[PDB]
>>> print(open('my_file.pdb').read())   # PDB, C-alpha atoms
ATOM      1  CA  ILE A 171      -8.274   3.474 -38.203  1.00  0.00           C
ATOM      2  CA  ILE A 172      -5.398   5.186 -36.489  1.00  0.00           C
ATOM      3  CA  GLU A 173      -7.708   7.992 -35.311  1.00  0.00           C
ATOM      4  CA  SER A 174     -10.099   5.330 -33.993  1.00  0.00           C
ATOM      5  CA  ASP A 175      -7.084   3.636 -32.413  1.00  0.00           C
ATOM      6  CA  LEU A 176      -6.077   7.086 -31.162  1.00  0.00           C
ATOM      7  CA  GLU A 177      -9.373   7.716 -29.539  1.00  0.00           C
ATOM      8  CA  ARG A 178      -9.037   4.248 -28.080  1.00  0.00           C
ATOM      9  CA  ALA A 179      -5.372   4.901 -27.149  1.00  0.00           C
ATOM     10  CA  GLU A 180      -6.352   8.119 -25.474  1.00  0.00           C
ATOM     11  CA  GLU A 181      -9.186   6.238 -23.854  1.00  0.00           C
ATOM     12  CA  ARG A 182      -6.670   3.633 -22.757  1.00  0.00           C
ATOM     13  CA  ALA A 183      -4.366   6.331 -21.521  1.00  0.00           C
ATOM     14  CA  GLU A 184      -7.381   7.583 -19.556  1.00  0.00           C
ATOM     15  CA  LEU A 185      -8.412   4.087 -18.433  1.00  0.00           C
ATOM     16  CA  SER A 186      -4.896   3.183 -17.377  1.00  0.00           C
ATOM     17  CA  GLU A 187      -4.508   6.659 -15.836  1.00  0.00           C
ATOM     18  CA  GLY A 188      -7.926   6.186 -14.305  1.00  0.00           C
ATOM     19  CA  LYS A 189      -6.824   2.872 -12.918  1.00  0.00           C
ATOM     20  CA  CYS A 190      -3.597   4.482 -11.809  1.00  0.00           C
ATOM     21  CA  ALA A 191      -5.600   7.110  -9.960  1.00  0.00           C
ATOM     22  CA  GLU A 192      -7.777   4.379  -8.492  1.00  0.00           C
ATOM     23  CA  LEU A 193      -4.644   2.535  -7.461  1.00  0.00           C
ATOM     24  CA  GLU A 194      -3.184   5.739  -6.110  1.00  0.00           C
ATOM     25  CA  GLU A 195      -6.239   6.140  -3.961  1.00  0.00           C
ATOM     26  CA  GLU A 196      -6.229   2.444  -3.037  1.00  0.00           C
ATOM     27  CA  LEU A 197      -2.494   2.576  -2.528  1.00  0.00           C
ATOM     28  CA  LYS A 198      -2.771   5.670  -0.426  1.00  0.00           C
ATOM     29  CA  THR A 199      -5.602   3.994   1.389  1.00  0.00           C
ATOM     30  CA  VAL A 200      -3.520   0.955   2.197  1.00  0.00           C
ATOM     31  CA  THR A 201      -0.395   3.064   2.636  1.00  0.00           C
ATOM     32  CA  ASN A 202      -2.220   5.302   5.058  1.00  0.00           C
ATOM     33  CA  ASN A 203      -3.855   2.314   6.656  1.00  0.00           C
ATOM     34  CA  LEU A 204      -0.402   0.810   6.679  1.00  0.00           C
ATOM     35  CA  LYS A 205       0.806   3.953   8.389  1.00  0.00           C
ATOM     36  CA  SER A 206      -1.998   3.326  10.833  1.00  0.00           C
ATOM     37  CA  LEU A 207      -1.012  -0.348  11.206  1.00  0.00           C
ATOM     38  CA  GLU A 208       2.631   0.532  11.197  1.00  0.00           C
ATOM     39  CA  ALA A 209       1.928   3.177  13.791  1.00  0.00           C
ATOM     40  CA  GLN A 210      -0.144   0.659  15.633  1.00  0.00           C
ATOM     41  CA  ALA A 211       2.639  -1.799  15.308  1.00  0.00           C
ATOM     42  CA  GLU A 212       4.950   0.969  16.451  1.00  0.00           C
ATOM     43  CA  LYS A 213       2.713   1.845  19.365  1.00  0.00           C
ATOM     44  CA  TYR A 214       2.263  -1.780  20.159  1.00  0.00           C
ATOM     45  CA  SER A 215       6.019  -2.156  19.884  1.00  0.00           C
ATOM     46  CA  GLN A 216       6.493   0.957  22.058  1.00  0.00           C
ATOM     47  CA  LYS A 217       4.096  -0.408  24.570  1.00  0.00           C
ATOM     48  CA  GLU A 218       5.618  -3.829  24.071  1.00  0.00           C
ATOM     49  CA  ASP A 219       8.959  -2.236  24.897  1.00  0.00           C
ATOM     50  CA  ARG A 220       7.400  -0.412  27.782  1.00  0.00           C
ATOM     51  CA  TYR A 221       6.080  -3.758  28.913  1.00  0.00           C
ATOM     52  CA  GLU A 222       9.464  -5.362  28.290  1.00  0.00           C
ATOM     53  CA  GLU A 223      10.915  -2.569  30.325  1.00  0.00           C
ATOM     54  CA  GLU A 224       8.197  -3.224  32.876  1.00  0.00           C
ATOM     55  CA  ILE A 225       9.152  -6.883  32.754  1.00  0.00           C
ATOM     56  CA  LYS A 226      12.690  -5.742  33.288  1.00  0.00           C
ATOM     57  CA  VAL A 227      11.509  -3.631  36.199  1.00  0.00           C
TER
ATOM     58  CA  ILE B 171      -0.022  13.591 -36.759  1.00  0.00           C
ATOM     59  CA  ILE B 172      -2.703  11.096 -35.727  1.00  0.00           C
ATOM     60  CA  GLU B 173      -0.171   8.245 -35.797  1.00  0.00           C
ATOM     61  CA  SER B 174       2.114  10.389 -33.738  1.00  0.00           C
ATOM     62  CA  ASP B 175      -0.781  11.106 -31.457  1.00  0.00           C
ATOM     63  CA  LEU B 176      -1.579   7.403 -31.470  1.00  0.00           C
ATOM     64  CA  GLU B 177       1.962   6.553 -30.627  1.00  0.00           C
ATOM     65  CA  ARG B 178       1.955   9.047 -27.802  1.00  0.00           C
ATOM     66  CA  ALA B 179      -1.530   8.110 -26.711  1.00  0.00           C
ATOM     67  CA  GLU B 180      -0.409   4.519 -26.673  1.00  0.00           C
ATOM     68  CA  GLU B 181       2.783   5.671 -25.052  1.00  0.00           C
ATOM     69  CA  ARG B 182       0.641   7.289 -22.408  1.00  0.00           C
ATOM     70  CA  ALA B 183      -1.361   4.099 -22.115  1.00  0.00           C
ATOM     71  CA  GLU B 184       1.987   2.260 -21.754  1.00  0.00           C
ATOM     72  CA  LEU B 185       3.414   4.819 -19.335  1.00  0.00           C
ATOM     73  CA  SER B 186       0.181   4.647 -17.440  1.00  0.00           C
ATOM     74  CA  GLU B 187       0.313   0.863 -17.745  1.00  0.00           C
ATOM     75  CA  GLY B 188       3.868   1.030 -16.461  1.00  0.00           C
ATOM     76  CA  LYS B 189       2.799   3.226 -13.560  1.00  0.00           C
ATOM     77  CA  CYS B 190      -0.252   1.074 -13.119  1.00  0.00           C
ATOM     78  CA  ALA B 191       1.868  -2.009 -12.820  1.00  0.00           C
ATOM     79  CA  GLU B 192       4.147  -0.238 -10.384  1.00  0.00           C
ATOM     80  CA  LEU B 193       1.153   0.944  -8.401  1.00  0.00           C
ATOM     81  CA  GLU B 194      -0.428  -2.498  -8.629  1.00  0.00           C
ATOM     82  CA  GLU B 195       2.797  -4.057  -7.371  1.00  0.00           C
ATOM     83  CA  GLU B 196       2.972  -1.382  -4.696  1.00  0.00           C
ATOM     84  CA  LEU B 197      -0.672  -1.883  -3.881  1.00  0.00           C
ATOM     85  CA  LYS B 198      -0.024  -5.530  -3.346  1.00  0.00           C
ATOM     86  CA  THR B 199       3.283  -4.910  -1.599  1.00  0.00           C
ATOM     87  CA  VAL B 200       1.832  -2.278   0.683  1.00  0.00           C
ATOM     88  CA  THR B 201      -1.376  -4.210   1.217  1.00  0.00           C
ATOM     89  CA  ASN B 202       0.694  -7.294   1.948  1.00  0.00           C
ATOM     90  CA  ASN B 203       2.932  -5.279   4.220  1.00  0.00           C
ATOM     91  CA  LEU B 204      -0.244  -3.935   5.774  1.00  0.00           C
ATOM     92  CA  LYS B 205      -1.433  -7.499   6.279  1.00  0.00           C
ATOM     93  CA  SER B 206       1.974  -8.329   7.678  1.00  0.00           C
ATOM     94  CA  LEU B 207       1.494  -5.327   9.974  1.00  0.00           C
ATOM     95  CA  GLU B 208      -2.106  -6.234  10.720  1.00  0.00           C
ATOM     96  CA  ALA B 209      -0.689  -9.492  11.889  1.00  0.00           C
ATOM     97  CA  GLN B 210       2.313  -7.849  13.496  1.00  0.00           C
ATOM     98  CA  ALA B 211       0.283  -5.167  15.183  1.00  0.00           C
ATOM     99  CA  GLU B 212      -1.760  -8.050  16.516  1.00  0.00           C
ATOM    100  CA  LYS B 213       1.360 -10.003  17.461  1.00  0.00           C
ATOM    101  CA  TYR B 214       2.700  -6.930  19.224  1.00  0.00           C
ATOM    102  CA  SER B 215      -0.735  -6.474  20.871  1.00  0.00           C
ATOM    103  CA  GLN B 216      -0.441 -10.074  21.900  1.00  0.00           C
ATOM    104  CA  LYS B 217       3.023  -9.306  23.171  1.00  0.00           C
ATOM    105  CA  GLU B 218       1.450  -6.432  25.087  1.00  0.00           C
ATOM    106  CA  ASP B 219      -0.906  -9.016  26.668  1.00  0.00           C
ATOM    107  CA  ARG B 220       1.703 -11.780  26.966  1.00  0.00           C
ATOM    108  CA  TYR B 221       4.006  -9.232  28.477  1.00  0.00           C
ATOM    109  CA  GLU B 222       1.258  -8.040  30.741  1.00  0.00           C
ATOM    110  CA  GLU B 223       0.890 -11.626  31.787  1.00  0.00           C
ATOM    111  CA  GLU B 224       4.662 -11.915  32.345  1.00  0.00           C
ATOM    112  CA  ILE B 225       4.433  -8.724  34.326  1.00  0.00           C
ATOM    113  CA  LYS B 226       1.529 -10.204  36.254  1.00  0.00           C
ATOM    114  CA  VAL B 227       3.495 -13.400  36.803  1.00  0.00           C
TER
END
>>> encode(input="my_file.pdb", output="structure tokens")
Amino acid sequence: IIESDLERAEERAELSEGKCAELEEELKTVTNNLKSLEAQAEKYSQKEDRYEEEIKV
Amino acid sequence: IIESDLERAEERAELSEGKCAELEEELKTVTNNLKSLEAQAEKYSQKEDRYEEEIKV
């Protein structure tokens, strides 16, 4: 029973690890897309500041 | 040995579950921050355009 539970526990370690890896890829995907959006926000903010500066000019 | 392996396999499932939850929370946090930044990048883009209009004005 315990060995069956072990195979299942190992399977669950693998499924949860699997899901962690999936989340790591999804997380990196959104983190990297966030870096893109953050960078876009940054660029848009840099341009926004350039435009604010242009407004100031 | 098998119980110990079960306990550690379950521990791994729990550690992985722990990490999973952290990654899941981070996936949502980052995705939500991404969405915030999708919206902000757009708001800043809009500021680029609103600012271009103020510049034009």
>>> resolve_selection(input="my_file.pdb", expression="the PyMOL selection byres ((chain B and resi 173-178) around 7)", output="PyMOL selection string")
(chain A and resi 172+175-176+179) or (chain B and resi 171-172+179-182)
>>> calpha_fit_rmsd(input="my_file.pdb", fixed="chain A", moving="chain B")
1.8 Å
>>> resolve_selection(input="my_file.pdb", expression="the ChimeraX specification (/A :<7) & /B", output="ChimeraX atom specification")
/B:172-173,175-176,179-180,182-183,186-187,189-190,193-194,197,200-201,204,207-208,210-211,214-215,217-218,221-222,224-225
>>> write_last_selection(input="my_file.pdb", atoms="C-alpha atoms", output="mmCIF file, in the coordinates of the input")
data_model
loop_
_atom_site.group_PDB
_atom_site.id
_atom_site.type_symbol
_atom_site.label_atom_id
_atom_site.label_comp_id
_atom_site.auth_asym_id
_atom_site.auth_seq_id
_atom_site.Cartn_x
_atom_site.Cartn_y
_atom_site.Cartn_z
ATOM 1 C CA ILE B 172 -2.703 11.096 -35.727
ATOM 2 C CA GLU B 173 -0.171 8.245 -35.797
ATOM 3 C CA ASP B 175 -0.781 11.106 -31.457
ATOM 4 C CA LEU B 176 -1.579 7.403 -31.470
ATOM 5 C CA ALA B 179 -1.530 8.110 -26.711
ATOM 6 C CA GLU B 180 -0.409 4.519 -26.673
ATOM 7 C CA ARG B 182 0.641 7.289 -22.408
ATOM 8 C CA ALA B 183 -1.361 4.099 -22.115
ATOM 9 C CA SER B 186 0.181 4.647 -17.440
ATOM 10 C CA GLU B 187 0.313 0.863 -17.745
ATOM 11 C CA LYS B 189 2.799 3.226 -13.560
ATOM 12 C CA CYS B 190 -0.252 1.074 -13.119
ATOM 13 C CA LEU B 193 1.153 0.944 -8.401
ATOM 14 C CA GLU B 194 -0.428 -2.498 -8.629
ATOM 15 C CA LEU B 197 -0.672 -1.883 -3.881
ATOM 16 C CA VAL B 200 1.832 -2.278 0.683
ATOM 17 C CA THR B 201 -1.376 -4.210 1.217
ATOM 18 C CA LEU B 204 -0.244 -3.935 5.774
ATOM 19 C CA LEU B 207 1.494 -5.327 9.974
ATOM 20 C CA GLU B 208 -2.106 -6.234 10.720
ATOM 21 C CA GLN B 210 2.313 -7.849 13.496
ATOM 22 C CA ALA B 211 0.283 -5.167 15.183
ATOM 23 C CA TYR B 214 2.700 -6.930 19.224
ATOM 24 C CA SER B 215 -0.735 -6.474 20.871
ATOM 25 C CA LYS B 217 3.023 -9.306 23.171
ATOM 26 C CA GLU B 218 1.450 -6.432 25.087
ATOM 27 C CA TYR B 221 4.006 -9.232 28.477
ATOM 28 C CA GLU B 222 1.258 -8.040 30.741
ATOM 29 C CA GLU B 224 4.662 -11.915 32.345
ATOM 30 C CA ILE B 225 4.433 -8.724 34.326
#
>>> axis_aligned_box(input="my_file.pdb", around="segment 190-199 of chain A", padding_each_side="6 Å", output="lines of an AutoDock Vina configuration file")
center_x = -5.1
center_y = 4.8
center_z = -5.2
size_x = 17.3
size_y = 16.7
size_z = 25.2
